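One structure below.
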Number of protein chains: 2
Amino acid sequence: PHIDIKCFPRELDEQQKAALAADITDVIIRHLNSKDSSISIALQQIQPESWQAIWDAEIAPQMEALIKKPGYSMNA
Amino acid sequence: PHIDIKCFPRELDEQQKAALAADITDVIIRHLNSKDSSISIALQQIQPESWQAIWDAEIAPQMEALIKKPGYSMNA
């Protein structure tokens, strides 16, 4: 599986990145019965003022299919 | 933050999707110190025939920046 995490800019050294990676991997293996080798994870940081684009492209379009809806809401 | 999980087709009922989302949420909360309401999660099932597209547009290009590299390669 390929996991993509989009978040606002964070301070994360290489150890924080590895730690985050290991906890996601763990969850994926347990829930989807994946192999560690089958897992890839991307971490993309979105600038403070640019979330509207993520909401219009990733969130809004799949609002109902979302296994976890956003708490907030930003539709015109 | 917004988390998107892409995997091959598998059977998953509502309770399983919820347990997965809940677990992903806790990992995100610890590592990103995120608020709970601000977390949205998507789960998209991709047919093996379409995985190559995911590799070319998501994995290969960000290879060096992935916080977790895949254990396989689709260069062939």
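Residues in the structure tokens are named by chain (A, B, ... in the order shown) and by number from 1 within that chain; ligands are numbered from 1 in the order shown.
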
When you get a sec, could you note down which chain B residues fall within 9 Å of chain A, using only C-alpha atoms, as a tab-separated table (two decimals) with N, CA and C atoms, in the first residue's frame?
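Once written, part.tsv looks like this:
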chain	number	residue	atom	x	y	z
B	1	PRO	N	-4.53	17.35	9.45
B	1	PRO	CA	-3.85	16.75	8.29
B	1	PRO	C	-4.75	15.78	7.55
B	2	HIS	N	-4.39	15.49	6.31
B	2	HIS	CA	-5.18	14.58	5.48
B	2	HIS	C	-4.33	13.37	5.12
B	3	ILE	N	-4.85	12.19	5.43
B	3	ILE	CA	-4.10	10.98	5.14
B	3	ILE	C	-4.84	10.18	4.08
B	4	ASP	N	-4.11	9.76	3.05
B	4	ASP	CA	-4.71	8.98	1.97
B	4	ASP	C	-4.03	7.62	1.89
B	5	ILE	N	-4.82	6.56	2.04
B	5	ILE	CA	-4.31	5.20	1.98
B	5	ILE	C	-4.73	4.50	0.68
B	6	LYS	N	-3.75	4.12	-0.14
B	6	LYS	CA	-4.03	3.42	-1.39
B	6	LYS	C	-3.56	1.97	-1.27
B	7	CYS	N	-4.44	1.03	-1.58
B	7	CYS	CA	-4.10	-0.39	-1.52
B	7	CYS	C	-4.84	-1.19	-2.58
B	8	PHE	N	-4.45	-2.45	-2.73
B	8	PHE	CA	-5.10	-3.33	-3.69
B	8	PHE	C	-6.44	-3.70	-3.09
B	10	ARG	N	-9.53	-5.35	-1.33
B	10	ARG	CA	-9.69	-6.26	-0.22
B	10	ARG	C	-11.07	-6.03	0.38
B	12	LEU	N	-13.58	-5.23	3.24
B	12	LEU	CA	-13.53	-4.44	4.46
B	12	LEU	C	-14.91	-3.88	4.77
B	14	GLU	N	-17.69	-1.75	7.39
B	14	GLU	CA	-17.63	-0.47	8.09
B	14	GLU	C	-16.80	-0.46	9.37
B	16	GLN	N	-14.32	-2.32	10.23
B	16	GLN	CA	-12.89	-2.44	9.95
B	16	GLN	C	-12.34	-1.12	9.43
B	17	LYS	N	-13.11	-0.45	8.57
B	17	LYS	CA	-12.68	0.84	8.06
B	17	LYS	C	-12.54	1.81	9.23
B	18	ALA	N	-13.48	1.75	10.17
B	18	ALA	CA	-13.47	2.62	11.35
B	18	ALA	C	-12.27	2.34	12.25
B	19	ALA	N	-12.02	1.06	12.54
B	19	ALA	CA	-10.88	0.70	13.38
B	19	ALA	C	-9.58	1.21	12.73
B	20	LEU	N	-9.47	1.08	11.41
B	20	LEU	CA	-8.27	1.54	10.69
B	20	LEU	C	-8.12	3.05	10.83
B	21	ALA	N	-9.18	3.79	10.52
B	21	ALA	CA	-9.18	5.24	10.64
B	21	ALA	C	-8.83	5.67	12.06
B	22	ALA	N	-9.42	5.01	13.06
B	22	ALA	CA	-9.16	5.33	14.46
B	22	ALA	C	-7.69	5.15	14.83
B	23	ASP	N	-7.09	4.05	14.38
B	23	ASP	CA	-5.68	3.77	14.66
B	23	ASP	C	-4.76	4.76	13.94
B	24	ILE	N	-5.08	5.07	12.69
B	24	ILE	CA	-4.27	6.03	11.95
B	24	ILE	C	-4.32	7.36	12.69
B	25	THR	N	-5.51	7.71	13.18
B	25	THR	CA	-5.70	8.97	13.88
B	25	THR	C	-4.80	9.11	15.09
B	27	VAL	N	-1.92	7.61	15.68
B	27	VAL	CA	-0.51	7.73	15.28
B	27	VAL	C	-0.25	9.17	14.83
B	28	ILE	N	-1.18	9.73	14.08
B	28	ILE	CA	-1.03	11.09	13.60
B	28	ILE	C	-1.00	12.08	14.76
B	30	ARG	N	-0.06	11.60	17.87
B	30	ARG	CA	1.19	11.56	18.64
B	30	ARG	C	2.35	12.23	17.91
B	31	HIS	N	2.55	11.83	16.66
B	31	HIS	CA	3.66	12.35	15.87
B	31	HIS	C	3.54	13.77	15.36
B	32	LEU	N	2.34	14.17	14.96
B	32	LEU	CA	2.14	15.52	14.45
B	32	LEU	C	1.51	16.46	15.47
B	36	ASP	N	-7.74	16.30	16.94
B	36	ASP	CA	-8.47	15.20	16.33
B	36	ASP	C	-9.40	15.62	15.19
B	37	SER	N	-10.18	16.68	15.39
B	37	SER	CA	-11.12	17.17	14.37
B	37	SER	C	-10.48	17.55	13.04
B	38	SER	N	-9.20	17.92	13.09
B	38	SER	CA	-8.51	18.33	11.88
B	38	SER	C	-7.95	17.20	11.03
B	39	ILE	N	-8.28	15.96	11.38
B	39	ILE	CA	-7.77	14.81	10.65
B	39	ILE	C	-8.82	14.14	9.78
B	40	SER	N	-8.51	14.02	8.50
B	40	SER	CA	-9.39	13.35	7.55
B	40	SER	C	-8.61	12.17	6.94
B	41	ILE	N	-9.30	11.07	6.66
B	41	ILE	CA	-8.64	9.91	6.08
B	41	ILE	C	-9.40	9.30	4.90
B	42	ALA	N	-8.67	9.03	3.82
B	42	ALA	CA	-9.26	8.42	2.64
B	42	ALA	C	-8.64	7.04	2.46
B	43	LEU	N	-9.40	6.12	1.89
B	43	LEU	CA	-8.93	4.77	1.63
B	43	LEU	C	-9.39	4.42	0.22
B	44	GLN	N	-8.46	4.41	-0.74
B	44	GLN	CA	-8.80	4.11	-2.13
B	44	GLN	C	-8.23	2.77	-2.58
B	54	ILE	N	0.08	4.75	-10.18
B	54	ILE	CA	0.35	5.27	-8.84
B	54	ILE	C	1.85	5.35	-8.60
B	55	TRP	N	2.57	4.33	-9.06
B	55	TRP	CA	4.01	4.27	-8.91
B	55	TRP	C	4.66	5.44	-9.64
B	58	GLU	N	3.25	8.91	-7.99
B	58	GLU	CA	3.30	9.14	-6.55
B	58	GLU	C	4.58	8.63	-5.89
B	59	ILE	N	4.98	7.41	-6.21
B	59	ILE	CA	6.14	6.76	-5.60
B	59	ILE	C	7.50	7.03	-6.24
B	62	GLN	N	8.92	10.70	-5.94
B	62	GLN	CA	9.29	11.21	-4.61
B	62	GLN	C	10.13	10.20	-3.84
B	63	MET	N	10.68	9.20	-4.53
B	63	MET	CA	11.46	8.13	-3.90
B	63	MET	C	12.40	8.55	-2.79
B	65	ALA	N	12.44	11.24	-1.16
B	65	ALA	CA	11.80	12.02	-0.11
B	65	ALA	C	10.76	11.24	0.69
B	66	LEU	N	10.48	10.00	0.29
B	66	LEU	CA	9.51	9.17	1.01
B	66	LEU	C	10.06	8.92	2.40
B	67	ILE	N	9.21	8.94	3.42
B	67	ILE	CA	9.71	8.69	4.77
B	67	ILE	C	9.81	7.18	4.94
B	68	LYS	N	9.25	6.46	3.98
B	68	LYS	CA	9.32	5.02	3.97
B	68	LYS	C	9.35	4.56	2.52
B	69	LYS	N	10.44	3.91	2.13
B	69	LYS	CA	10.59	3.42	0.77
B	69	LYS	C	9.97	2.04	0.62
B	70	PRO	N	9.39	1.76	-0.56
B	70	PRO	CA	8.78	0.45	-0.79
B	70	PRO	C	9.88	-0.58	-0.95
B	71	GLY	N	9.57	-1.84	-0.65
B	71	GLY	CA	10.55	-2.90	-0.76
B	71	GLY	C	10.59	-3.57	-2.13
B	72	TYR	N	9.78	-3.07	-3.05
B	72	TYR	CA	9.75	-3.60	-4.41
B	72	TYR	C	10.02	-2.43	-5.35

**Report entry** Gap from CA of residue 13 (chain A) to CA of residue 57 (chain B) - Å, one decimal
**Finding:**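 Calculated distance between CA of residue 13 (chain A) and CA of residue 57 (chain B) is 25.7 Å.
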
Query raised in the report: Can you list every residue in chain B that DSSP puts in helix (DSSP H, G or I), as number ranges by chain?
Result: B: 14-32, 48-65

Restrict the selected residues to C-alpha atoms and save them as a compact mmCIF listing (two decimals), in the first residue's frame.
# COMPACT_ATOMS: atom_id res chain seq x y z
CA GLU B 14 -17.63 -0.47 8.09
CA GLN B 15 -16.26 -1.57 11.47
CA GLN B 16 -12.89 -2.44 9.95
CA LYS B 17 -12.68 0.84 8.06
CA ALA B 18 -13.47 2.62 11.35
CA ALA B 19 -10.88 0.70 13.38
CA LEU B 20 -8.27 1.54 10.69
CA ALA B 21 -9.18 5.24 10.64
CA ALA B 22 -9.16 5.33 14.46
CA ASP B 23 -5.68 3.77 14.66
CA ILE B 24 -4.27 6.03 11.95
CA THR B 25 -5.70 8.97 13.88
CA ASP B 26 -3.86 8.12 17.09
CA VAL B 27 -0.51 7.73 15.28
CA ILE B 28 -1.03 11.09 13.60
CA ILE B 29 -1.99 12.74 16.88
CA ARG B 30 1.19 11.56 18.64
CA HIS B 31 3.66 12.35 15.87
CA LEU B 32 2.14 15.52 14.45
CA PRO B 48 -3.33 -4.06 -9.71
CA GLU B 49 -3.64 -3.00 -13.36
CA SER B 50 -3.68 0.65 -12.28
CA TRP B 51 -0.89 0.48 -9.69
CA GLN B 52 1.78 1.35 -12.26
CA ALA B 53 0.11 4.76 -12.62
CA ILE B 54 0.35 5.27 -8.84
CA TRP B 55 4.01 4.27 -8.91
CA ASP B 56 4.82 6.72 -11.69
CA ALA B 57 2.83 9.64 -10.29
CA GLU B 58 3.30 9.14 -6.55
CA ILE B 59 6.14 6.76 -5.60
CA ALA B 60 8.99 6.77 -8.12
CA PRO B 61 9.11 10.61 -8.39
CA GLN B 62 9.29 11.21 -4.61
CA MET B 63 11.46 8.13 -3.90
CA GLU B 64 14.28 9.96 -2.13
CA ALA B 65 11.80 12.02 -0.11

Requested in this report: Run DSSP on the backbone and give me the residues of chain A it puts in strand (DSSP E or B), as an MDAnalysis selection string.
Outcome: chainID A and resid 2:7 40:45 68
